Engineer: 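Okay, here's the structure, questions in a sec.
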Amino acid sequence: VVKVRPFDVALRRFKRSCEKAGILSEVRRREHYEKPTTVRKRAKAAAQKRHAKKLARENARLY
Amino acid sequence: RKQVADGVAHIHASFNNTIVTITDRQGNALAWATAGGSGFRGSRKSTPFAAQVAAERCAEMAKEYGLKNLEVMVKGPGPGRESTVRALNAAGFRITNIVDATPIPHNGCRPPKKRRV
RNA sequence: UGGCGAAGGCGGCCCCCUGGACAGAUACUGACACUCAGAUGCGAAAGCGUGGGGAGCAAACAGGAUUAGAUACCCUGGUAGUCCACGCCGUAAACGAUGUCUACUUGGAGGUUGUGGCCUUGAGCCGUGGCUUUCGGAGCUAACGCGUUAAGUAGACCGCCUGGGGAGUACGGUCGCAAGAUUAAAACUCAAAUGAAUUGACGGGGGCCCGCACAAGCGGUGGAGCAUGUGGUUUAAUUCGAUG
């Protein structure tokens with residue numbers, strides 16, 4: 001929700017007011033049924049990648 | 001025609017088409033226009049620009065009722081979200097409020113199966 | 001990569017009934033323990049019975065596309081099923097592919113849930129428990145890796161393996177309404193089957209780059225008549241070779 005208080009701002013403010021309610025995110029989640037197993041598999045690989053990043057990104061000479 | 005000045009634009013941006021239904025504030029329809037009735041078909045319906053035209057076509061049919069101020073209720077994930085709203089500003093209409101009206105179930109019905117395309 | 005549960009599993013909020021875990025403190029019992037053949041119970045989803053319910057989804061099925069075909073993938077529909085009650089079934093990559101119990105053996109970083117102290121002198125800091133995640137040391141391992149939550153060092157007990165196919169099949173028994181489960185061969189056949197890792201090649205995997213590779217242009221070929229070569233055919237012979 002954005003009360004137009006110029007329009008160009010208001011539509012950008014709108015576009016960021018709906019990012020933040022994860023609206024488009026949510027529609028794309030609920031377009032097709034994610035089977036619960038697949039949901040978890042994604043979530044593990046997410047966590048696993050996130051860690052395996054940070055770990056080696058603390059191990060982060062080059063030249 | 002009952003002349004109305006304050007109204008509501010309901011943008012329905014599917015991934016396929018985009019519909020624009022300009023109503024009074026009581027949600028009685030006055031005008032409607034659709035990307036896939038405003039010329040474009042198949043691929044090109046699902047573009048911002050087709051939806052823009054829908055909005056334009058609807059706008060210049062909403063002036064019969066003499067509308068001036070609209071609130072924009074943008075409902076869905078489609079390409080014709082932003083473009084329709086621009087096409088209402090750049091068609092005179094003062095936009096008061098830009099609501100998102102996308103239906104979000106609070107876990108509800110099992111969506112259709114995934115496309116093994 | 002929060003929590004709880006033996007595992008399966010468990011997600012709005014409220015109440016009622018109820019199991020387990022954990023911590024602190026004091027008191028108690030006095031080895032009452034550990035493991036378990038057989039046995040018993042629990043056990044995802046699908047399925048089965050009876051009776052309900054049936055929004056959404058969707059085996060089957062129908063139609064539409066795609067295609068050489070398309071009994072598929074895609075689209076439009078759609079029934080059983082999915083949900084409830086009460087039974088049945090007893091199986092899953094039921095997985096950590098890792099039996100249970102016990103003790104011992106360097107560390108680092110986290111999460112979570114108790115407890116004590118300090119000055120809460122200011123959200124904190126320091127102890128002390130439970131559970132959990134990750135990285136690694138020794139050691140172990142074919143390697144990959146495991147690494148105090150061991151795949152290390154030992155002990156108790158149980159389960160199980162003994163080349164690949166045949167075959168988790170046949171027959172018999174048991175169990176089941178059925179589906180089928182469970183127990184479980186042999187003939188015959190092969191000289192392998194297999195694990196991990198290595199180097200390549202390949203991928204309608206990823207990233208990054210180059211060439212008149214494409215794009216941008218310009219002029220051609222393909223069409224005509226001739227020239228020339230090849231094939232084919234013809235010929236007594238149309239010598240032989242060169243063939244993306």
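Just so we're on the same page: letters track the sequence lines, and every chain starts at 1. No hydrogens, no waters, no symmetry mates; every other heavy atom, side chains included, goes into these values.
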Engineer: Taking centres under 5.5 Å and planes under 30° as the test, is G110(C) stacked with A109(C)?
Structural biologist: yes

Engineer: How about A27(C) and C28(C): do their bases stack, with centres under 5.5 Å and planes under 30 degrees?
Structural biologist: yes

Engineer: Checking side-chain polar atoms at under 3.5 Å, does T23(B) have a donor or acceptor matched by the opposite partner on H10(B)?
Structural biologist: yes

Engineer: Paired with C144(C) by Watson-Crick or G-U wobble geometry, both distances under 3.5 Å: which nucleotide is it?
Structural biologist: none

Engineer: Roughly how far apart, to the nearest Å, are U112(C) and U1(C) at atom P?
Structural biologist: 12 Å

Engineer: Which of residues 36-46 of chain B sit near RNA chain C, with a heavy atom under 4.0 Å from it?
Structural biologist: none

Engineer: Taking atom P in both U100(C) and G47(C), what distance in whole Å separates the two?
Structural biologist: 34 Å

Engineer: To the nearest 0.5 Å, what is the distance between CZ on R50(A) and CZ on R57(A)?
Structural biologist: 11.5 Å

Engineer: Is there a Watson-Crick or G-U wobble pair formed by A62(C) and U76(C), both distances less than 3.5 Å?
Structural biologist: yes

Engineer: Tell me, yes or no, whether the heavy-atom count around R16(A) atom CZ, taken from other residues, nucleotides or ligands under 6.0 Å, exceeds 12.
Structural biologist: no

Engineer: So does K3(A) get a backbone contact from the side chain of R13(A), meaning a donor-acceptor N/O pair under 3.5 Å?
Structural biologist: yes

Engineer: What is the sugar pucker of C84(C), north (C3'-endo side) or south (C2'-endo side), as given by the torsion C1'-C2'-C3'-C4'?
Structural biologist: north

Engineer: I'd like the P distance from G3(C) over to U134(C), given in whole Å.
Structural biologist: 12 Å

Engineer: Strictly by Watson-Crick or wobble contacts shorter than 3.5 Å, is anything paired with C57(C), and which nucleotide is it?
Structural biologist: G81(C)

Engineer: Measure the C1'-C2'-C3'-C4' torsion in the sugar of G30(C), then label it north if positive and south if negative.
Structural biologist: south

Engineer: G9(C) and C4(C), Watson-Crick or G-U wobble pair at under 3.5 Å for both distances?
Structural biologist: yes

Engineer: Map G108(B) and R40(A) onto RNA chain C by nearest heavy atom, then report which one ends up closer to the 5' terminus.
Structural biologist: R40(A)

Engineer: Across all strands shown, which nucleotide pairs with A44(C) by Watson-Crick or G-U wobble geometry, both distances under 3.5 Å?
Structural biologist: none

Engineer: Please indicate whether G180(C) is base-paired to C175(C) in either the Watson-Crick or the G-U wobble sense, using a 3.5 Å limit on both distances.
Structural biologist: yes

Engineer: Any chance the bases of neighbours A154(C) and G155(C) are stacked, by the 5.5 Å centre and 30° plane criterion?
Structural biologist: yes

Engineer: Is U141(C) on the north side or the south side, where north means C1'-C2'-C3'-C4' is positive?
Structural biologist: north

Engineer: For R42(A), look at atom CZ and say whether over 12 heavy atoms of other residues, nucleotides or ligands are found less than 6.0 Å away.
Structural biologist: yes

Engineer: Using the side-chain contact (heavy atoms from CB on, under 4.5 Å) definition, which of the options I22(B), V8(B), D6(B) pairs with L70(B)?
Structural biologist: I22(B)

Engineer: Using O4'-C1'-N9-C4 for purines and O4'-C1'-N1-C2 for pyrimidines, with syn meaning within 90° of 0, is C16(C) syn or anti?
Structural biologist: anti

Engineer: Both distances below 3.5 Å, Watson-Crick or wobble geometry, any strand: find the nucleotide opposite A31(C).
Structural biologist: none

Engineer: Would you mind telling me which of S83(B), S38(B), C58(B) makes a side-chain contact (heavy atoms from CB on, under 4.5 Å) with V53(B)?
Structural biologist: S38(B)

Engineer: Using the six-membered ring of each base, decide whether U71(C) stacks on its neighbour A70(C) (centre distance under 5.5 Å, planes under 30°).
Structural biologist: no

Engineer: In the structure I gave you, are the side-chain heavy atoms of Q52(B) and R86(B) within less than 4.5 Å of one another anywhere?
Structural biologist: no

Engineer: Give me the distance, rounded to whole Å, that separates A27(C) from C36(C) when you measure between the P atoms they each carry.
Structural biologist: 37 Å

Engineer: Got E64(B) and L30(B) here, is their nearest side-chain heavy-atom distance under 4.5 Å?
Structural biologist: no

Engineer: Counting only Watson-Crick pairs (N1-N3 plus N6-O4 or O6-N4) and G-U wobbles (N1-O2, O6-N3), all under 3.5 Å, who is the partner of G49(C)?
Structural biologist: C86(C)

Engineer: Should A184(C) and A185(C) be reported as a stacked step, that is, with six-membered ring centres less than 5.5 angstrom apart and planes less than 30° apart?
Structural biologist: no

Engineer: Watson-Crick or G-U wobble partner for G114(C), using a 3.5 Å limit on both distances?
Structural biologist: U128(C)

Engineer: Expressed as a whole number of Å, how far does the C1' atom of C144(C) sit from that of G116(C)?
Structural biologist: 46 Å

Engineer: Taking a pair as Watson-Crick or G-U wobble with both distances under 3.5 Å, which nucleotide is matched to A156(C)?
Structural biologist: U100(C)

Engineer: So which of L88(B), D100(B), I19(B) actually passes side-chain contact (heavy atoms from CB on, under 4.5 Å) with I11(B)?
Structural biologist: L88(B)

Engineer: North (positive) or south (negative) by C1'-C2'-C3'-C4': which describes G139(C)?
Structural biologist: north

Engineer: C146(C) and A197(C): how far apart are their P atoms, nearest whole angstrom?
Structural biologist: 12 Å

Engineer: For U79(C) and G53(C), measure between their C1' atoms and round to the nearest Å.
Structural biologist: 16 Å

Engineer: Are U182(C) and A197(C) a pair by Watson-Crick or G-U wobble criteria, both distances short of 3.5 Å?
Structural biologist: no

Engineer: First and last nucleotide of RNA chain C in contact with chain B, 5' to 3', at under 4.0 Å to a heavy atom: what are they?
Structural biologist: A55(C) to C75(C)

Engineer: Given side chains that start at C-beta, do those of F15(B) and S46(B) come closer than 4.5 Å, heavy atoms only?
Structural biologist: no

Engineer: Can you confirm whether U233(C) and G124(C) pair in Watson-Crick or G-U wobble fashion, both distances under 3.5 Å?
Structural biologist: no

Engineer: Quick test of your reading: by the Watson-Crick or G-U wobble rule with a 3.5 Å threshold, is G232(C) paired to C125(C)?
Structural biologist: no

Engineer: Give none if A185(C) has no partner; otherwise give the nucleotide forming a Watson-Crick or G-U wobble pair with it, both distances under 3.5 Å.
Structural biologist: none

Engineer: Taking the side chain as every heavy atom from C-beta outward, state whether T21(B) and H12(B) have any pair of such atoms under 4.5 Å apart.
Structural biologist: no

Engineer: Should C10(C) and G3(C) count as paired, given that a pair must be Watson-Crick or G-U wobble and both distances must be under 3.5 Å?
Structural biologist: yes

Engineer: Taking the P atom of each, how far is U35(C) from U102(C), in whole Å?
Structural biologist: 8 Å

Engineer: Kindly check if the number of other-residue, nucleotide or ligand heavy atoms within 6.0 Å of NZ (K41(A)) is above 12?
Structural biologist: no

Engineer: Should the sugar of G24(C) be assigned to the north (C3'-endo side) or south (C2'-endo side) class according to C1'-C2'-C3'-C4'?
Structural biologist: north

Engineer: Can you check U40(C) for me, syn or anti if syn means within 90° of 0?
Structural biologist: anti

Engineer: Starting from the 5' end of RNA chain C, give me the residue, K113(B) or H32(A), whose nearest nucleotide shows up first.
Structural biologist: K113(B)

